[PDB]
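here goes the first bit of my complex:
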Amino acid sequence: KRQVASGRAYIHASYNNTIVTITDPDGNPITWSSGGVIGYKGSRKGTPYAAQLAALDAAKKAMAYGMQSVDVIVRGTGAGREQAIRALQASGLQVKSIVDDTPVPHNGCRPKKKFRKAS
């Protein structure tokens, strides 16, 4: 199993679960983690702690492949967010850059009625 020196950490925040995946410089997944992938299950997978834990754990698995540095790419809003970033930063595993990249339609499909409470 190859040694990667650097690459991407993708953080996908949501109001229900934070998930983090780590890839080589062409975006191919090395490792990944999520709230559920640590112990939490149901409504705790969102909590900034859950996010932190997942985040840290993914980084440890990548450091196994000898990963030394990353560009972070964050997507979505949710509680675990700054906390998963704060984690990667403090996991040793060096944080080269950060970048929000949340998808947004330039007015695309009709959202589900829950999401037009702003009707």
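Perfect, I can see it now. Numbering: from 1, shown residues only, chains lettered A, B, ... in the order given.

next one: stretch A:81-101 to chain centre, how far?
9 Å (C-alpha atoms, centre = their mean, to the nearest Å).

quick one: contacts for residue A:82?
residue A:48 (C-beta atoms under 8 Å, 6 or more residues apart in numbering). Placement of C-beta: from N, CA and C, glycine included.

quick one, phi/psi of it?
With angles defined as degrees, to the nearest 10, residue A:82 sits at phi -60, psi -30.

so how far is residue A:68 from it?
23 Å (C-beta to C-beta, to the nearest Å).

cool, and residue A:99?
From residue A:99 to residue A:68 the distance is 19 Å (C-beta to C-beta).

the two: which has the busier surroundings?
Shown here are residue A:99 and residue A:68; by other C-beta atoms under 10 Å, residue A:68 has more neighbours (15 against 10).

now that one, nearest residue through space, not along the chain?
Of all residues not flanking residue A:68 in the chain, residue A:5 sits nearest, at 5.5 Å (C-beta to C-beta, 6 or more residues apart in numbering).

for the one you found, what are its contacts?
Residue A:5 neighbours (C-beta under 8 Å, 6+ apart): A:66, A:67, A:68, A:69.

please slot chain B in as well:
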Amino acid sequence: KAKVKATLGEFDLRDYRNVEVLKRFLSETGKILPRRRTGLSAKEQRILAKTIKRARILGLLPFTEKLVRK
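Alright, chain B goes in next:
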């Protein structure tokens, strides 16, 4: 700080090619900057939105970018 018109000298803002100028009227997310920041008049601001949109189709200015450091 500055309004983007306070910066420049005179320019044709019907000119959908001059990316050197037109590029300054976009945010770092490549979004068309509001009047309050462009320092433009309602009328000019209208004309520009048009020229900017024409550039985008030729490939010269962006529809979007991503926020760096968040």
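
any idea which helix or strand carries residue 63?
Let's take chain A. helix A:48-64 (DSSP states H and E).

helices or strands next to that helix in the packing?
Other helices and strands packing on helix A:48-64, by 3 or more C-beta pairs under 8 Å, 6 or more residues apart in numbering or on different chains; DSSP states H and E, are strand A:6-12, strand A:19-23, strand A:29-34, helix A:82-89.

out of the ones you listed, nearest to residue A:107?
strand A:6-12 (22.7 Å; C-beta to C-beta).

note down every partner strand of that closest one and its orientation.
strand A:19-23 (antiparallel), strand A:69-75 (parallel) (DSSP bridges).

centre of the chain to that strand, how far?
7 Å.

so how far is residue B:53 from residue A:53?
45 Å.

those two: who's more crowded?
Using other C-beta atoms under 10 Å in any protein chain shown, the more surrounded residue of residue A:53 and residue B:53 is residue A:53, with 24 against 13.

quick one: contacts for the more buried one?
Applying C-beta atoms under 8 Å, 6 or more residues apart in numbering or on different chains to residue A:53 gives the contacts A:35, A:38, A:40.

another chain to add, chain C:
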Amino acid sequence: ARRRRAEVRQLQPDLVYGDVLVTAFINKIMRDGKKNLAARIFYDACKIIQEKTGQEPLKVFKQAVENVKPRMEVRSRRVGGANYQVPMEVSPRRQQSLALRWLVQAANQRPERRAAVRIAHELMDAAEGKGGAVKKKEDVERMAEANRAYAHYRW
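So, slotting chain C in with the rest:
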């Protein structure tokens, strides 16, 4: 305490070691307002830390107390849908009280048949760091930490 933030009712220093923190302790031991018997007990207890160990009572007392102060605890919290035990730090006045409360309680739970012994052993066993006081200390610290997930409300 709606209006003011209440003055911490000060205590006369001890008429022996000259320490507020002692009388504090003595007060907790006191029952039906019988401060006399209360005091006898705590002193007679310092005597069973000569007869038992080479150390100075006060130092043992201080150092046991310092051992039963919690650092964290779960303060309860309602939110419209469930109940949340939220861990916050512990302000030094509360530490003071929980410890001294706990000691006496831990101590009166012990087996030996006499006031001044129960106090004494507890005091020793907890400055070693193995009190039944210290149980209901690491438990609180643990109860926080297990609820470390909800520790992001803390109001």
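
could you re-examine what packs on helix A:48-64 with chain C now present?
Counting by 3+ C-beta pairs under 8 Å, 6+ apart, helix A:48-64 packs on strand A:6-12, strand A:19-23, strand A:29-34, helix A:82-89.

so what touches the shortest one?
Judged by C-beta under 8 Å, 6+ apart, the contacts made with strand A:19-23 from elsewhere in the structure are A:7-12, A:29-35, A:54-55, A:58-59, A:61-62, A:67, A:70, A:84, A:88.

try 6 Å
Strand A:19-23 is contacted from outside by A:7-12, A:29-34, A:54-55, A:58, A:62, A:84, using C-beta atoms under 6 Å, 6 or more residues apart in numbering or on different chains.

out of those residues, which end up buried?
Neighbour counting with 16 or more other C-beta atoms under 10 Å in any protein chain shown marks A:7-12, A:30-34, A:54-55, A:58, A:62, A:84 as buried within the contacts of strand A:19-23.

check those and tell me the two furthest apart.
A:7 and A:34 (18.8 Å).

residue C:106 is in contact with residue C:118, correct?
No - taking contacts as C-beta atoms under 6 Å, residue C:118 lies outside contact range of residue C:106: 9.1 Å.

quick revisit: kindly reformat the helices and strands packed on helix A:48-64 as JSON lines containing distance to residue B:15.
Compiled in JSON lines, these are given as follows (distance: least, C-beta to C-beta, whole Å):
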{"stretch": "strand A:6-12", "distance to residue B:15": "39"}
{"stretch": "strand A:19-23", "distance to residue B:15": "42"}
{"stretch": "strand A:29-34", "distance to residue B:15": "45"}
{"stretch": "helix A:82-89", "distance to residue B:15": "42"}
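
perfect, I'm done here.
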